[PDB]
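To start, the structure under review is shown below, and the notes come after it.
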Amino acid sequence: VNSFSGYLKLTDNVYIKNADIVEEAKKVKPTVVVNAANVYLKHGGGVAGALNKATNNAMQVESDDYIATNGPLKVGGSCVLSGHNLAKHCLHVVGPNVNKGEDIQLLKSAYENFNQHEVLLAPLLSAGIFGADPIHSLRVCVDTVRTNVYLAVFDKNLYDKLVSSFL
Ligand SMILES: CC(C)n1nnnc1SCc1c(C(=O)O)sc2cccc(F)c12
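Position in the sequence shown counted from 1, then plus 2, gives you PDB author numbering.
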């Protein structure tokens with residue numbers, strides 16, 4: 003039993019809710035919140051901008067030190083950093099950005115990072131301003147992630163579309 007409330011069950015291990023991931027994280031304080039990051043950990047917009055704003059820019063400060071030490075992530079890769087006021091940890095995961103011309107085939111590799119954590123609160127990778135087909139991303143999620151994932155979908159019309167089209 004965990005404290006995630008109001009989620010629709012898609013599969014044995016994947017759940018979904020129309021919710022602001024910042025507000026869900028503040029309420030639940032999950033062990034892991036997933037950020038939809040880029041390789042430079044520049045948290046400008048979308049999920050990343052929203053999470054970073056909620057941390058008062060502390061996520062960005064920490065991220066800049068990470069990059070200065072380690073260099074950029076790979077598309078499809080991840081790193082674990084602090085969750086600040088939102089979660090114990092933030093798993094920064096880089097899905098492909100179609101609006102940068104990046105290979106959507108890397109989406110499965112991106113979701114594989116979730117399997118290193120027993121329970122996660124996450125957005126749909128590569129959706130929104132990353133430009134991928136969200137129905138496809140949800141399919142890749144359910145077919146790749148084996149650990150317990152709680153998906154928070156910000157856009158109400160998107161949530162409705164995803165539920166109504168899910169196989
Ligand atoms: C958190 C919330 C307040 N917020 N604010 N600004 N953007 C958002 S989330 C829009 C969105 C998704 C969704 O609608 O769930 S998944 C997804 C994946 C990558 C980038 C995204 F932008 C995005």
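Even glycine gets a Cβ: it sits at the ideal position worked out from N, Cα and C.
Contact set for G133: own chain, Cβ-Cβ below 7 Å, skip 5 residues either direction: Locating residue 133 in the sequence shown gives position 131, counting from the first residue. For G133, where only same-chain residues beyond five positions count, the Cβ hits under 7 Å are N99, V100, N101.
Residue 1 beta carbon near ligand 1 (any heavy atom closer than 6 Å): Residue 1 is absent from the model: the chain starts at 3 and stops at 169.
Alpha helix (DSSP H) segment containing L53, residue limits: Taking the sequence shown and counting its residues from 1, the one referred to as residue 53 is at position 51. Element bounds for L53: 48-56.
Own chain partners of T57 with C-beta closer than 8 Å, once the 5 adjacent residues on each side are dropped: Within the sequence shown, residue 57 is the residue found at index 55, counting from 1. Within the same chain, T57 has close Cβ partners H86, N87, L88.
Supposed close pair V144, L12 - CB separation, criterion 8 Å: Numbered from its first residue, the sequence shown carries residue 144 at position 142. Numbered from its first residue, the sequence shown carries residue 12 at position 10. That pair is a contact at about 6 Å.
Residue list, Cβ distance to ligand 1 heavy atoms smaller than 6 Å: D22, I23, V24, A38, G48, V49, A52, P125, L126, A129, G130, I131, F132, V155, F156, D157, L160
C-alpha distance - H94 paired with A70, whole-angstrom precision: Here residue 94 refers to the residue found at position 92 when the sequence shown is read from its first residue. Here residue 70 refers to the residue found at position 68 when the sequence shown is read from its first residue. Between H94 and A70, the C-alpha separation is close to 16 Å.
Per-residue DSSP class, three states only, for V96: Stepping through the sequence shown from its first residue, residue 96 is reached at position 94. In the structure shown, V96 sits in coil (DSSP, three-state: anything other than H, G, I, E or B).
Where the alpha helix (DSSP H) through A38 begins and ends: Position 36 of the sequence shown, counting from 1, holds the residue named residue 38. Element bounds for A38: not the alpha helix (DSSP H) but the beta strand (DSSP E), 34-38.
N115 and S80 closer than 7 Å at C-beta: For the purposes of this step, residue 115 is taken as residue 113 along the sequence shown, with counting starting at 1. For the purposes of this step, residue 80 is taken as residue 78 along the sequence shown, with counting starting at 1. Cβ distance < 7 Å, so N115 and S80 count as in contact.
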